[PDB]
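Colleague: Just to be clear, this is only the beginning of the complex, oriented as in the whole thing:
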Amino acid sequence: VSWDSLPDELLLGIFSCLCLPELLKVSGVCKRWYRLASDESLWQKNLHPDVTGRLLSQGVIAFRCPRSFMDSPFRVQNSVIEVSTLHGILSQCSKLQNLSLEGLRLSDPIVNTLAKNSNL
Amino acid sequence: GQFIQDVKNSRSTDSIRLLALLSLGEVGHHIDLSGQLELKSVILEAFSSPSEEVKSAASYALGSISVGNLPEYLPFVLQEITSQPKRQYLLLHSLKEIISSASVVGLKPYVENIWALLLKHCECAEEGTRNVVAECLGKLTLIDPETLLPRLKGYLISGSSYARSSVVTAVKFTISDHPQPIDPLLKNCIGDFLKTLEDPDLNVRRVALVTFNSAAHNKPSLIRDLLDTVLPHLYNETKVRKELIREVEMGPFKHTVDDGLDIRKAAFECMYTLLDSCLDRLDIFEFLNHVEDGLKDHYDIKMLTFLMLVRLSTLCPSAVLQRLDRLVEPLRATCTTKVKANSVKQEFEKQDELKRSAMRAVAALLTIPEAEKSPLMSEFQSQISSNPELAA
C-alpha cells in the first residue's frame, strides 16, 4: 500500500500554509520530496555562505535581511563581505526587485549585473 | 491579340486576364464578334479560375457580346444553362446581364423562352440559384408588363411554397425610386400580393414582409391607401409564438434556437420604416403598445426598439407622455438585469452596450418639456451612476 498517490498540486497548496523551517527540516525524505521542495512555491535568521548557497538553489523573488550579520542558474534575484561571495556567485542577473546593500564597494560583477538589470 | 493574351496561361497575371476580359466584353457590347472563333471556349474556360475577380469578369463578358448578336449567342447560353449544372450560376448571371442590357425590341422574341427556362428553374435545391432566378424574373417583368403581369398574377391561386416565394420576391425588384411606366399597374395589383398572401406559411410570410418593407422604403404611395387592411397583419406578425422555439440542452448549458426571430425582425423593420413617410395616418397607441411588447423581445430587437423610442421622443411627445409609465419599466429592467456567473468574457460585455443604449434611450425620453414625473428615477448607487456620464 502506497499512500503517496496524489498530484503535487495539493502538496504545493499545503506548502502555501506549512511553516518554512519545518519544510526545510523535512526536505530530504526521498529524492522526490527534495526535488519538488526546490520549486518556486514559497521561496518568493542567521545568514551563512552555506545558507546563501542553499537559497541560490531555489527561486528567489524577494530578499530578506533586516539586520542579520553575514560572514548558478538564473533563478535568484549591516553586512560587509568580500565581493566573490556577494556578486561573484551571480555573474549576471536581470530580474532584480529589491536590495538593501550597504557598506560595500562597486566592482566588476555588481556593475555588470546592474548594467543588464532592467526589472525596476 | 486580346484573345491570345487571355488564353495564354503562362506568363499571365490575374490583372492582365481581368483587363482583357473587361475589354473584350466592352468591345463586344457594340460591334459583332460572331465571325470570330475561339471566344466561347476561352470564356467558359476562364470560369474555372482560382480567383473570384476573374470568374466575375468572365461571367459578365460572356453575355456582353450577346447584346450585339442575340440570335447566335442567346440560344447557346440558354442551352448551356440546362446542359451543364456545375456552371449554371454564372450562366444565369450572364443571362441577367443580357436582359438588363439588351434592347427590348430585340429581346421580345425570346421572352417566352426565357420565361419558360426561369419557371422550369424556379424549384432548385440551391438558394443562390433561386435568388438569381427570381431576380431574372423580376427584371424580365419590366418589359412588356401588360402581357406578363397577369401571368404572374395567376400563379398565386395554386402555386407551391417555392413558387409563391419566388413570385413575391420577383415583384420586389420592380419598384424603383424614380417614376416608372409600371407604377399604376403595380398600384392596382399589389393588393393581393400583400393582403391575400400575408399568412399562408412561414417563408412566404417572410418574403411578403421583405417585399412590403422594400415597397415602403422605395415607393410609399403604393401602400399609402392599403395601410388599414395591412397593419393588423403586421401587428399579428409582431407577436412571439411558442411553437417554433427548439431548446437544445447539454449538461448545465442551454442553447435556444428560434425560427421566427426573422419574421419578427422583418415586422419591426417595417414598423420602423413606416415612421419615415407613413406616420400620420395610423393609430399611435396601436404602435406604442406593440413597441412596449417588443421592448422585452430578443436582444437584437432591443436596439431597434430603443431607436424607435428615441425617434418617438421627438415625434409626437404627447403620445409618449400618455404612455411614459409603461415605457420605462422594461427600460428599468434592462438597466438592472444581471447575468449568471461562470459565463464567457464576451457575455459579460454584451450587456454593457445594451444598458448604455437603454440609458441613452431614457435620457432622450427625459427631454420631453413636461416630463417632470419621476417614476423612482432617483436611484443612483455606485454602479448605475457611472452610466450617466458615459452616455453624456
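Modeller: Done, it's in. Numbers count the residues shown, from 1 in each chain, chains lettered A, B, ... in the order given.
Colleague: Now do the same contact list for the closest residue to residue A:67 other than its chain neighbours.
Modeller: Nearest residue to residue A:67, sequence neighbours excluded (CB to CB, 6 or more residues apart in numbering or on different chains): residue A:78, at 7.6 Å. In this view, the C-beta of every residue, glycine as well, is placed from N, C-alpha and C. Residue A:78 sits next to A:67, A:102, A:103 when contact means CB atoms under 8 Å, 6 or more residues apart in numbering or on different chains.
Colleague: can you do 10 Å?
Modeller: A:65, A:67, A:69, A:70, A:100, A:101, A:102, A:103, A:104 (CB atoms under 10 Å, 6 or more residues apart in numbering or on different chains).
Colleague: And the furthest pair within the residues you listed?
Modeller: Farthest-apart pair in the contacts of residue A:78 is A:67 and A:104; separation 16.0 Å (CB to CB).
Colleague: Neighbour count for these two, which is higher?
Modeller: Taking neighbours as other CB atoms under 10 Å in any protein chain shown, residue A:67 and residue A:104 compare with residue A:104 leading, 15 against 7.
Colleague: Need the CA coordinates for the host helix or strand of residue A:10. PDB is fine.
Modeller: Residue A:10 belongs to helix A:8-15 when assigned by DSSP states H and E. Extracted C-alpha coordinates of helix A:8-15, given in PDB (Å, rounded to 0.1, in the frame of the first residue of the first chain):
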ATOM      1  CA  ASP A   8       1.700  17.500  -6.400                       C
ATOM      2  CA  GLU A   9      -0.700  20.400  -6.600                       C
ATOM      3  CA  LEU A  10      -2.100  19.700  -3.200                       C
ATOM      4  CA  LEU A  11       1.400  19.400  -1.900                       C
ATOM      5  CA  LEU A  12       2.000  22.900  -3.200                       C
ATOM      6  CA  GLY A  13      -1.200  24.100  -1.600                       C
ATOM      7  CA  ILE A  14      -0.200  22.800   1.800                       C
ATOM      8  CA  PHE A  15       3.300  24.200   1.200                       C
END
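Colleague: State the number of residues packed around the closest residue to residue B:172 other than its chain neighbours.
Modeller: In this structure, residue B:172 finds its nearest non-sequential neighbour in residue B:211, 4.5 Å apart by CB to CB, 6+ apart. Residues near residue B:211, counting by other CB under 10 Å, number 23.
Colleague: add one more, call it chain C:
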Amino acid sequence: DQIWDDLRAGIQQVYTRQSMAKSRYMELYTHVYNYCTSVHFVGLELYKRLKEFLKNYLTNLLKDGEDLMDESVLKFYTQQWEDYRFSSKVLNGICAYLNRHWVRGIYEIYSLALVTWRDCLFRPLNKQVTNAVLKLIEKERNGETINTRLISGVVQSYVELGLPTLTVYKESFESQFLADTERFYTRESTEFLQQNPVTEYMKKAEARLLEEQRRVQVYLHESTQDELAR
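Modeller: Chain C goes in next, on the same frame as the chains above:
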C-alpha cells in the same frame, strides 16, 4: 492511451449539436479529473491532442465551403460560428479541473478554440466574406432590403477574435468600410449637387446621416459611433 477512446466520441458528440444529458457530462469530467490526478506538471500533454483534434476538425469543415461565393458563404459562416462557440464553451466546462492546472496560441481551452478559429480566418475566404458584407452595405445604400443578422454575427466574431481588444476588427473591417463609405458619399454628393439644387441636398444629407446612425446603432460596434459621425 488508457482512456482516450472515451473522451473522443463524447467530444465528437458535443461538436454535432445533439442533446446530451447530465450523465454523459460528468463521466467525461471524471475522465479528466482521474487522468490529471495521476501520480507525479502532469496532464499538460492532452493539450497537443486536443489542438490536433480541433485543427483536423476545422480543416475537414473547411473543404465544403471553400467554393461558396458572396451571399452564400455568409450564411454558412454565421451558422457555424454559433455552434462552434457553444461547443467550445461546453468543452471548456468539461475541462474545468484542467483550467487551473497550469502556470507556464493562447493557453486556454476556450481561447484555444478561438485562436484555432482565428487561424481559420487568415485564409482568403474571410476576405470574400468582408467583400460580401460590404456588398450588402452597398445594397442597403441602394434601397434594397437585406438580412441584418448575417452581418452582425460576422462583426461580433471580429470583436471576439484577437484576444475589449478590437485589433482584428479595425485592421480587417473598420478601415475598409470607412474608405468605401467616404468614396460612396463623395460620389453621391458630387452626382447630386450637379443636377438637383442644394435645398434637396440638405434633406438628402439629413436622411443619409439618420440612416448611418441607424446602421451604426443596429449592426455596428459602438467604437465606430464617434468616428463615422465625424
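Colleague: what do you get for the contacts of residue A:78 once chain C is counted?
Modeller: A:65, A:67, A:69, A:70, A:100, A:101, A:102, A:103, A:104.
Colleague: again, but for residue B:342
Modeller: By CB under 10 Å, 6+ apart, the residues touching residue B:342 are B:252, B:253, C:89, C:92, C:93, C:96.
Colleague: any idea how far it lies from residue A:3?
Modeller: Here the criterion is CB to CB, to the nearest Å. By it, residue B:342 lies 35 Å from residue A:3.
Colleague: and stretch A:5-16 with chain C, contact?
Modeller: Yes. Residues of stretch A:5-16 are located near chain C by CB under 10 Å from any CB of the partner chain, namely A:5, A:6, A:7, A:8, A:9, A:10, A:11, A:12.
Colleague: neighbouring contacts of that stretch?
Modeller: Applying CB under 10 Å, 6+ apart, the external contacts of stretch A:5-16 come out as A:4, A:18, A:23, A:32-33, A:36-37, A:39-42, C:36-43, C:100-101, C:103.
Colleague: Most proximal residue of chain C with respect to chain B?
Modeller: residue C:25 (3.6 Å; CB to the nearest CB).
Colleague: For that residue, which non-adjacent residue is spatially closest?
Modeller: Per CB to CB, 6+ apart, closest to residue C:25 is residue B:251, 3.6 Å.
Colleague: re earlier: which PyMOL command selects the buried ones in the contacts of residue A:78?
Modeller: To isolate the buried members of those in PyMOL, using 16 or more other CB atoms under 10 Å in any protein chain shown:
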select buried, chain A and resi 70
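Colleague: can you put the contacts of residue A:78 in TSV and add secondary structure and distance to residue B:118?
Modeller: Putting the contacts of residue A:78 into TSV (DSSP: H, G, I helix; E, B strand; the rest coil; distance: CB to CB, whole Å) gives the following:
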residue	secondary structure	distance to residue B:118
A:65	coil	90
A:67	coil	96
A:69	coil	100
A:70	coil	95
A:100	coil	89
A:101	coil	90
A:102	coil	94
A:103	coil	98
A:104	coil	94
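Colleague: Specify which member of the contacts of residue A:78 is nearest to residue C:170.
Modeller: Distance to residue C:170, by CB to CB, is smallest for residue A:100 among the contacts of residue A:78, at 47.2 Å.
Colleague: Is the closest one in contact with residue A:79, as I believe?
Modeller: Yes. Between residue A:100 and residue A:79 there is a contact under CB atoms under 10 Å: 9.4 Å.
Colleague: let's bring in chain D now:
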Amino acid sequence: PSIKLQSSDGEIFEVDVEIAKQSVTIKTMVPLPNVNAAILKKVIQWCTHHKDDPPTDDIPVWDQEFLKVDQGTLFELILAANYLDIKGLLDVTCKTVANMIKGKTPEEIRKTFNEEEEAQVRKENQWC
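Modeller: Okay, here's chain D dropped in alongside the others:
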C-alpha cells in the same frame, strides 16, 4: 429537488439542492468513484454547518474529532475537496495534516508514512 449522489460501491444517497448549493462546482452546475460515502456525507455536514463558506494554527476544535479515526479518512476527504472545488475544507484539512506532520523529526515522518542524503540536509542548514 435533490442533486444526485452516487457511488461505485452501490451506495446512492440524496442531497437537498438548497443545503448543498454553497459549494462552487454545484453552484456552477454525481459520480465519485474516488470518493467514499462517509466523506461525501461529511462534506454535506460541513457545508450545511458552514453556510458562510468562502468562494492549533487557528482551526476549530469541534471540526476535528469526527474525522480523526485513522490516516486515510482525511486523505480521501481532501481528495473529495479537490474534486468538489471547495476551498475552506481543503484548507482546513491541509492545515490539520501539516500540524500532524509538524512536531517530530523527519525520521518519525518517514517511519509513520512509510541515511546519507539526510546527513547532507542536516549539515547544510544553519537556521533550521
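Colleague: and the contacts of residue A:78, now that chain D is part of it?
Modeller: Here residue A:78 is in contact with A:65, A:67, A:69, A:70, A:100, A:101, A:102, A:103, A:104 (CB under 10 Å, 6+ apart).
Colleague: ok but it is inside a helix, no?
Modeller: No. Per DSSP: H, G, I helix; E, B strand; the rest coil, residue A:78 lies outside any helix segment and is coil.
Colleague: Report the separation between it and chain B.
Modeller: Distance of residue A:78 to chain B, given as CB to the nearest CB, to the nearest Å: 49 Å.
Colleague: Tell me which stretches of the stretch 51-200 of chain B form helices.
Modeller: Here the stretch 51-200 of chain B has its helices, by DSSP state H, counting those that start in this stretch, at B:52-62, B:70-83, B:88-101, B:104-107, B:111-120, B:127-142, B:145-154, B:161-172, B:183-191.
Colleague: Apologies, that question was intended for chain D.
Modeller: With DSSP state H as the criterion, chain D has helices at D:24-28, D:37-49, D:72-84, D:87-101, D:106-113, D:116-122.
Colleague: Export these as a markdown table, with columns for mean neighbour count and distance to chain B.
Modeller: Formatted as a markdown table, those follow (neighbours: other CB atoms under 10 Å in any protein chain shown; distance: least, CB to the nearest CB, whole Å):
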| stretch | mean neighbour count | distance to chain B |
| --- | --- | --- |
| helix D:24-28 | 15 | 5 |
| helix D:37-49 | 17 | 18 |
| helix D:72-84 | 20 | 15 |
| helix D:87-101 | 18 | 16 |
| helix D:106-113 | 13 | 38 |
| helix D:116-122 | 13 | 45 |
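Colleague: what's the burial count for residue C:161?
Modeller: By other CB under 10 Å, neighbour count at residue C:161 equals 19.
Colleague: so it touches residue C:155, yeah?
Modeller: No. Using CB under 10 Å as the test, residue C:161 is too far from residue C:155 to be in contact (11.2 Å).
Colleague: Now do the shared contacts for those two.
Modeller: Residues touching both residue C:161 and residue C:155 (CB under 10 Å, 6+ apart) are residue C:169.
Colleague: which bits of chain A sit near chain C?
Modeller: Residues of chain A lying close to chain C (CB under 10 Å from any CB) are A:2, A:4-12, A:32, A:36, A:39-40.
Colleague: again, only using 6 Å
Modeller: A:5, A:7, A:8 (CB under 6 Å from any CB of the partner chain).
Colleague: thinking again about what came up before, so which of the contacts of residue A:78 comes closest to chain B?
Modeller: Taking CB to the nearest CB as the measure, chain B sits nearest to residue A:100 out of the contacts of residue A:78, at 41.3 Å.
Colleague: I am finished for the moment; much appreciated.
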